[PDB]
Amino acid sequence: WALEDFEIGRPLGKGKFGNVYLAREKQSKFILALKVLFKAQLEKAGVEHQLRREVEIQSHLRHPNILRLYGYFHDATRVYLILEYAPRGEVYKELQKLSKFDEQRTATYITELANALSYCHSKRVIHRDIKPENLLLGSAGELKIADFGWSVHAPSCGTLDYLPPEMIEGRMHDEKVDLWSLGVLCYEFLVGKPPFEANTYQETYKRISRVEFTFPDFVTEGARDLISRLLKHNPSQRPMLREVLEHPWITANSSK
Ligand SMILES: O=C(O)c1ccc(Nc2ncc3c(n2)-c2ccc(Cl)cc2C(c2c(F)cccc2F)=NC3)cc1
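According to the authors' numbering, the residues represented by the sequence shown are 128 to 283, 290 to 389, in order.
See the structure below:
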């Protein structure tokens, strides 16, 4: 695999630590997304074990709702990451443009996530980094999990918003950590922003540690219940996916 097997299209993103361009595999005209990385910024951060370890995990996962990593290859000074391309764009931007999502749209995204996660929780992998900007949209408008920068094996410093008390209180945690994010996320899908939002890192900790959230009046009781069930402080109180997938509100509003 050489960078000359591909035809770079329009840029879709920037980082940290390279760029993501549209691209067409020359011989098969196969459309995809290609992530670039400079070995320079790589060792300058030393996170090379992660890249190898993250690419490691993602490369061995199969799900309609999990963005696929076909392959990769490095050259003179670059690292190349051959990724599945998501036509409809990023869920984050969408939320930005619409402000929030009606119950039907929210309820379905959750159902798709629940499966993708139910799946990960059986391959013994925990995402832990579920957040809008980690979600993209398939051409059919369906949800796709994109990043694995953290996702680890278990039972086992950035944005504190989607992390549960255990993660934050440096405590011992497991697969139920993702069920807390699903709650937070659900809330954001419906409210327009996270439950434990704060102008300061410090005070978010407090809001999250003490599980302090309230709903806007417009939030329906069907939702409030689910979210509340999902945002239980004690990881054991956190329901299990099946139950989530089979919650009244979920069923009464989902497409799947
Ligand atoms: O603006 C539009 O109209 C638009 C934007 C994007 C798409 N599609 C798309 N499909 C697949 C990927 C990406 N984007 C993508 C794009 C940019 C960047 Cl900075 C990262 C990635 C990723 C990614 C990743 F590796 C880690 C974490 C998150 C990721 F999102 N990986 C594949 C369609 C339309």
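From the three backbone atoms N, C-alpha and C, an ideal C-beta is built for every residue, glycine too.
For residue i: DSSP bridge partner residues
{"i": "residue 146", "result": "141"}
{"i": "residue 157", "result": "152"}
{"i": "residue 165", "result": "205"}
{"i": "residue 271", "result": "263"}
{"i": "residue 253", "result": "279"}
Reduced DSSP secondary structure (H/G/I, E/B, other) of residue i
{"i": "residue 356", "result": "helix"}
{"i": "residue 136", "result": "strand"}
{"i": "residue 263", "result": "strand"}
{"i": "residue 171", "result": "coil"}
{"i": "residue 190", "result": "strand"}
{"i": "residue 295", "result": "coil"}
{"i": "residue 305", "result": "coil"}
{"i": "residue 322", "result": "helix"}
{"i": "residue 330", "result": "coil"}
{"i": "residue 313", "result": "helix"}
{"i": "residue 241", "result": "helix"}
{"i": "residue 288", "result": "Because the chain is numbered from 283 directly to 290, the model contains no atoms for residue 288."}
{"i": "residue 183", "result": "helix"}
{"i": "residue 285", "result": "Looking at the chain, the numbering goes 283 and then 290, which leaves residue 285 without any coordinates in this model."}
Check whether residue i and residue j have beta carbons under 8 Å apart
{"i": "residue 293", "j": "residue 363", "result": "no"}
{"i": "residue 238", "j": "residue 149", "result": "no"}
{"i": "residue 266", "j": "residue 302", "result": "no"}
{"i": "residue 275", "j": "residue 184", "result": "yes"}
{"i": "residue 164", "j": "residue 144", "result": "yes"}
{"i": "residue 243", "j": "residue 192", "result": "yes"}
{"i": "residue 307", "j": "residue 283", "result": "yes"}
{"i": "residue 325", "j": "residue 227", "result": "yes"}
{"i": "residue 387", "j": "residue 234", "result": "yes"}
{"i": "residue 250", "j": "residue 188", "result": "yes"}
{"i": "residue 298", "j": "residue 248", "result": "no"}
{"i": "residue 218", "j": "residue 264", "result": "yes"}
{"i": "residue 280", "j": "residue 252", "result": "yes"}
{"i": "residue 356", "j": "residue 318", "result": "no"}
{"i": "residue 246", "j": "residue 201", "result": "no"}
{"i": "residue 240", "j": "residue 270", "result": "yes"}
{"i": "residue 134", "j": "residue 151", "result": "yes"}
{"i": "residue 273", "j": "residue 194", "result": "yes"}
{"i": "residue 178", "j": "residue 186", "result": "no"}
{"i": "residue 321", "j": "residue 259", "result": "yes"}
{"i": "residue 215", "j": "residue 268", "result": "yes"}
{"i": "residue 162", "j": "residue 132", "result": "no"}
{"i": "residue 128", "j": "residue 198", "result": "yes"}
Distance cut 7 Å, beta-carbon to ligand 1 heavy atom: residue list by chain order: Checking every Cβ against the heavy atoms of ligand 1 under 7 Å gives 139, 140, 141, 142, 147, 160, 162, 194, 208, 210, 211, 212, 213, 214, 215, 216, 217, 220, 260, 261, 263, 273 and 274.
Secondary structure, alpha helix (DSSP H): runs of 4+ residues fully inside the segment 194-234: Listed in chain order, the alpha helix (DSSP H) elements of length 4 or more contained wholly in the segment 194-234 are 218-225.
I'd like the ranges of any alpha helix (DSSP H) spanning at least 4 consecutive residues and lying wholly in the segment 332-386. The qualifying runs are 334-342, 354-363, 374-378 and 381-384.
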